[PDB]
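One chain comes next, on its own, written out as structure tokens in the form deposited in one PDB entry.
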């Protein structure tokens, strides 16, 4: 799956739960999904966030620079389809309405946003 990726790189991801903490993950954009790994050479992704139907927007954050958000525009407060692993082996659906992401630089933010937008638009099943 991870052959011929559209982009890879480090991003920070804000965790979707009650306290919410930032975690540094290695992301791979491929097959119109964002896969993320704890460490770059990990065999198994920690999660997958399919991009189909999603949109992207810039946001400003109090603590993290170079941020954007993925969200589902079709319905407000709609949960984003996604899946992750837990250390005990559970494979669970995500519970995010938004994914806030911080890129390592303004340049990388622009590159990631452009790559994500292009991937969403190339999907032949986009907006259906």
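Just so we're on the same page, rigid core means the largest C-alpha set that superposes within 1.5 Å between forms. Residue numbers count along the first chain shown, from 1. Shifts are known only where both forms have a C-alpha.
The protein also exists as the form solved in complex with a small molecule; that form is not presented, and the subsequent description refers to it.
Fill in: Heavy atom of each of 66, 114 and 117 within 4.5 Å of the small molecule in the deposited complex
So, no: the whole triplet misses the small molecule.
Worksheet item: So, in the deposited complex, is residue 105 in contact with the small molecule at a 4.5 angstroms heavy atom limit?
Response: No, residue 105 sits far enough from the small molecule in the deposited complex that none of its heavy atoms falls within 4.5 Å.
Worksheet item: Closest heavy atom of residue 36 to the small molecule in the deposited complex, within 4.5 Å or not?
Response: Judged by the heavy-atom cut-off of 4.5 Å, residue 36 is in contact with the small molecule in the deposited complex.
Worksheet item: According to a 4.5 angstroms non-hydrogen atom cut-off, is residue 71 in contact with the small molecule in the deposited complex?
Response: Contact check for residue 71: no, nothing within 4.5 Å of the small molecule in the deposited complex.
Item to complete: Examine residue 13 and determine whether its closest non-hydrogen atom to the small molecule in the deposited complex is within 4.5 angstroms.
Response: Residue-level check for residue 13: yes, a contact with the small molecule.
Worksheet item: Among 95, 30, 78, 55, which has any heavy atom within 4.5 Å of the small molecule in the deposited complex?
Response: If I apply the 4.5 Å criterion carefully, the residue I get is 95.
Discussion item. Can you tell me which of these residues, 88, 60, 44, 93, is the one whose C-alpha shifts by at least 2 angstroms between this form and the one not shown after a rigid core fit?
Written reply: Single residue meeting the criterion: 88.
Fill in: Rigid core superposition, residue 17 Cα moves 2 angstroms or more between this form and the one not shown
Passes the 2 Å threshold, so yes.
Discussion item. With a 2 Å cutoff on C-alpha displacement after fitting the rigid core, which stretches of 3 or more consecutive residues move between this form and the one not shown?
Written reply: Moving stretches, in sequence order: 16 to 19, 87 to 89.
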